[PDB]
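Asks: Need coordinates for the below:
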Amino acid sequence: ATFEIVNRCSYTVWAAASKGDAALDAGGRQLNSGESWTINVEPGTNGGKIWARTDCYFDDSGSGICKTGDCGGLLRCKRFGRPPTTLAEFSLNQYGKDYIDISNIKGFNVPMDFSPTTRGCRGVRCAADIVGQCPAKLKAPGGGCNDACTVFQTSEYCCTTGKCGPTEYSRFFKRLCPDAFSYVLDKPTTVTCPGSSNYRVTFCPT
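Replies: Residues are numbered from 1 along each chain as shown. The structure is reproduced below:
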């Protein structure tokens, strides 16, 4: 499957793509404003994620640091990134179907649209100004708006026992971005697409 990752933001981002235990494609790349990066993701990939990282410094070896979404200091991510990270999440060719969503369960850094470029399903978006409206207790100094689990580490926010409800914090994300997951047990906003669809992830779509 082909993913085109497009940076429409006015600032540079460092895109990242991983399935948690390996890179997808090259795993990461710098995208200046307007740049597009096309990756190939193997059919059958389960639990893939794409995100943006902000304010990164890398040396010639591809080692460094980012203020949001850092994935153990690497340009080419092998693992998932440090919150806050708006997430494009996907599982491909699962019994004939692809499953896509956007999640704010690990917080929000950059607005995102995640849409098919082929036929048969709709896209999803979270493009509200979550950082500007972020509750004081969730604001991340390096930038972004953390989720409550990251900040407070409670069973309720992290849904550790498999039973939890919505919270004042989860409701904040959900009010601004209804089509994204706001907590672990949120009513799913997953979209079902045809198996072997192709996609575009746009940072700063509006």
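Asks: Backbone torsions only: list them for residue 196.
Replies: For residue 196, the backbone dihedrals (degrees, to the nearest 10) come out as phi 70, psi 30.
Asks: Any idea how many residues pack against it?
Replies: By other CB atoms under 10 Å, 13 other residues sit near residue 196. For the C-beta atoms, the positions are set from N, CA and C on the backbone; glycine is no exception.
Asks: ok now do residue 43, which residues does it touch?
Replies: Listed by CB atoms under 8 Å, 6 or more residues apart in numbering, the contact partners of residue 43 are 1, 92, 93, 196.
Asks: Can I have the buried ones of these as a ChimeraX selection?
Replies: Provided next is the ChimeraX selection string for whichever of those are buried by 16 or more other CB atoms under 10 Å:
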select :1,92,93
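Asks: how about the strands of this protein, start to end?
Replies: Taking DSSP state E, the strands of the chain run over residues 2-7, 13-18, 23-31, 36-40, 48-58, 64-68, 87-94, 97-103, 112-116, 124-126, 180-181, 191-194, 199-203.
Asks: Tell me which residues are up against the first one.
Replies: The reference is to strand 2-7. With CB under 8 Å, 6+ apart as the criterion, strand 2-7 contacts 13, 15, 17, 31-41, 50, 52, 117, 198-204.
Asks: For ChimeraX, write the selection for the buried entries among these.
Replies: A single ChimeraX command selects the buried members of the contacts of strand 2-7 (16+ other CB under 10 Å):
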select :13,15,17,31,37,39,41,50,52,198,199,200,201,202,203,204
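Asks: Can you give me every residue that contacts the nearest residue to residue 111 once chain neighbours are set aside?
Replies: Take residue 111 and drop its neighbours on the chain: the residue closest to it by CB to CB, 6 or more residues apart in numbering is residue 127, 4.1 Å away. Residue 127 makes contact with 111, 112, 113, 177, 204, 205, 206, according to CB under 8 Å, 6+ apart.
Asks: Equivalent analysis for residue 17, please.
Replies: 3, 5, 23-25, 27-28, 39, 41, 48-50, 77.
Asks: what's the spacing between the residue nearest to the spatial centre of the chain and residue 41?
Replies: Centroid-nearest residue in the chain: residue 87, 1.3 Å away (criterion: CA atoms, centre = their mean). Relative to residue 41, residue 87 is positioned 15 Å away (CB to CB, to the nearest Å).
Asks: Specify the residue positioned farthest from the middle of the chain.
Replies: Distance-from-mean max, the chain, by CA atoms, centre = their mean: residue 60 at 26.1 Å.
Asks: what distance separates the start and the end of stretch 174-193?
Replies: Start-to-end span of stretch 174-193 (CA to CA, to the nearest Å) is 23 Å.
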